[PDB]
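Right, one structure below, let's go through it.
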Amino acid sequence: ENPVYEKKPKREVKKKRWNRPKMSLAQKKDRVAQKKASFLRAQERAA
RNA sequence: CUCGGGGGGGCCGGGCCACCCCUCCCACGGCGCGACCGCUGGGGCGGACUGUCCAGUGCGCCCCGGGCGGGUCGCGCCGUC
C-alpha cells in the first residue's frame, strides 16, 4: 500500500566529543621530558 | 673677394635645443610613514591531557605587546646627459 520511506528528521545537537583527540607533538614531547625527570629524580631520592 | 672668367656672404617667417625659473603624468631605484594582508611573548575565560615533587603541555574564544620579514595599496621626499 505504501512502501515509501520518510527519513527521520535530523535535529541539531550540542557539540559533544565522546573520545579523546590525538596528543600534539608538544604534549607527546613534554610527556617524555616529565618521564625522564621523574626517573632521575627517583634515582637521586633513593641514594 | 680674385684676374666679362672665377670664389664667398646672404635674403624671412615657424618651431626646437642650449641659458634662467617654475610645472603635469609615467617608469625605475632609494628613504620615511600609514592601512590591510601577514612571519612569530604576556593576560583572561573554557576545556583536555601529562608527570613515581604540587608542577607541566596542547587546543577554542577574547585582549594586548614585542622582534622584525615580505606582499598589495596610498602617501611625502630624494636621484635620472
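Start counting the first sequence at 249; every next residue gets the next number (the authors' numbering).
Backbone N, C-alpha and C define an ideal beta-carbon position, used for all residues, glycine too.
In the three-state reduction of the DSSP assignment, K255 falls in the coil class, being assigned neither a helical nor a strand state. DSSP, reduced to helix, strand and coil, places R265 outside both helices and strands of the structure shown, so it counts as coil.
Annotation: the continuous alpha helix (DSSP H) that includes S286 extends over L273 to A294. In this structure, the alpha-carbon of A285 lies about 26 Å from that of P269.
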